[PDB]
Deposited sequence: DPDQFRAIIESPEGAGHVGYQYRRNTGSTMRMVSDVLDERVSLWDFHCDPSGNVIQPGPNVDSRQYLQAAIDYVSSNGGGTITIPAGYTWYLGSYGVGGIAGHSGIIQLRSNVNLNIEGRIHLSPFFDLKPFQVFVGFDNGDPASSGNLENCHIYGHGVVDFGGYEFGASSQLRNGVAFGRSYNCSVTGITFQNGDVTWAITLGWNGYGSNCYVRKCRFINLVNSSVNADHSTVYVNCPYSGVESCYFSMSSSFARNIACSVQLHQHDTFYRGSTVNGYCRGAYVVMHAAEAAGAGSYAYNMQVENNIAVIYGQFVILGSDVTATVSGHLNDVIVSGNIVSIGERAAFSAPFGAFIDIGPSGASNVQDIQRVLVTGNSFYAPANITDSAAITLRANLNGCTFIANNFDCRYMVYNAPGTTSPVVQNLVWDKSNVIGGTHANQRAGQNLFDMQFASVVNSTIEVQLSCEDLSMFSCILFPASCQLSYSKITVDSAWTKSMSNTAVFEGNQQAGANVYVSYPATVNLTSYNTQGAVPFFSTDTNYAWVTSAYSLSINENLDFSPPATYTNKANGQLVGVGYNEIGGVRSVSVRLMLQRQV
């Protein structure tokens, strides 16, 4: 059979007849070439016509069926890694079939089958104006009946290019990788670019999943039209999962108004070490009761740390909501080490600039620590705040940040009336001066709430801003109790108003407050120790006060310290070297229970 031998060698079984032993090692396995080649697999092993002849990829070739066949086949052997080869662009031009069809899926991923994308995957214009999810991990059109996707990793130096196609309708959805009910899945190194999509990657489904991660990926120009309803680049919807060391960039005007880089929706999730530019928002951090089926109705242990961002709206948005039968709770959050700015834009030209936003009764948000962050907004941006507190809050703690923007705490008057509890603004927060002189008519801490309880505001200025109406103001509609409100005197000598309580709330039994004020006093005419009394009777709530002014006089001195009287006068004991009625104006620190 020498003719048969040559034909076998030239046949597809040929490599299975050529023997091999590793490095001529007589202790190694006696193999055939085919066995060694079978240790790897690429798209080339499936990218063939029905007669087995390889097809070159290109804009006129739908690679979908070939990629699916490769995934299917490797799955059947218990898994492996399929290379998508460098130096080629592989186009996708049709929808997939079966369980992914309900999900507008293109490729169905399978457990233990990894994709090493080194070349480029592009969408063909078949998808213009249509929905799609490029890779889908569900195995059923009903996700509630889907099996899991496990141990599926997408990685490499390659690219997923969405073709630039706009959305056809705002009700459509588009995704890159919908991992599904995903356990130990990841995407690493991939660039996702040029699209109009809802998400690039979604991890999990309604809390179902674990240990899913997006690392060292790039996301570039993924919103490009006015049709696109909403965008969150990575959507984390399973626990013990997160995003780290990624890069996010947008250039579209639309992105400034609708795009968020990350949403965290389940417990023990994180967003670290990433850089964002051109987005509306940094991260949504939420527990929606609608997605509580997999991991519970609490989102807790949520970390947003060490990120760099230029955004046009709000850095971190906190929220929760409820269903008719399920209640969401958000607690145990840390936001730390982030360096964030509002990009150059006109005032009011994008959603309100904020480092933290509490968005819209329902909210159950508490135990949030905001520490060691920097925030800046250019001086023209009136709509910029350390916190826009627009809905109920049950706790948030700010320590050792540096906030350089128009407001510290803001809510718009006559909009929402939030109930606030456990808002803590430590004195170690540094208030920048970029907006000094821009604050005519404005309150630095504008406390436009229904009520404030168990809260601390310790205002410390670091430069003058005499333009502002006040440092902190409480409208008469805001109840205030069991709270501590202080204004440090530095840089406040020339301010007409420091703290303003429009309903005289500072008189509350459990309100602890100190702020500077100018007070007119008159003494009796007695030589020697002599009392000085305030002309006004607005000080019934004052427990003590003390001088912030020098005494220009030789012949007498006002009291250093004052207490009050039943009629609301302040009273203190000064000294008349020579007698006579004295009249002075003095800057005092007014104190109540502090």
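- Annotation: deposited residues 361-364 form the one stretch not represented by C-alpha coordinates in the model.
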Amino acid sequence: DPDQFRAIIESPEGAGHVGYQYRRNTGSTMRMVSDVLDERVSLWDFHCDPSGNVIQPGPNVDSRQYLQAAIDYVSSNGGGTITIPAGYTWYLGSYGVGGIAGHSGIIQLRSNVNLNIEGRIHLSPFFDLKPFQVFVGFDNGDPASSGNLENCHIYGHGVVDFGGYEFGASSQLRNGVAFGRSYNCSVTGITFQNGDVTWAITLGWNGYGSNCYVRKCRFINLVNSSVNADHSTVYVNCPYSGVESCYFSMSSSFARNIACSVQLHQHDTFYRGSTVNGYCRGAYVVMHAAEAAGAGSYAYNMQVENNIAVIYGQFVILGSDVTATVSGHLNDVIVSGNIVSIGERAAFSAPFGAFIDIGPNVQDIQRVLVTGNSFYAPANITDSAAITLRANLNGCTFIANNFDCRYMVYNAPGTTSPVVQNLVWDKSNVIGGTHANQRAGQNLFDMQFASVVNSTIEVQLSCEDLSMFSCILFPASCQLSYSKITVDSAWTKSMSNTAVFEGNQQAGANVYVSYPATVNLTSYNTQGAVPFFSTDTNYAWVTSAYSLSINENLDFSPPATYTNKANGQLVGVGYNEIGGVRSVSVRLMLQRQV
From here on, numbers count along this sequence of modelled residues.
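- Between the stretches 169-177 and 235-243, it is 169-177 that shows the larger average CA temperature factor.
- Relative to its counterpart among 249-257 and 187-195, 249-257 has the higher mean temperature factor, C-alpha atoms as listed in the PDB entry.
- Among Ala560, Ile55, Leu43, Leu37, the highest C-alpha B-factor in the deposited entry belongs to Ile55.
- Listed residues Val286, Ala499, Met302, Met447 were ranked by CA B-factor as deposited; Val286 comes out on top.
- In this PDB entry, the Cα temperature factor of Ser549 sits in the middle third of its chain's modelled residues.
- Per the PDB record, residue ranking by Cα B-factor puts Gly395 in the lowest third of the chain.
- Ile8: CA B factor lies in the highest third for its chain, per the PDB record.
- In the deposited entry, the Cα temperature factor of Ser94 places it in the highest third of its chain's modelled residues.
- Per the PDB record, residue ranking by Cα B-factor puts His157 in the middle third of the chain.
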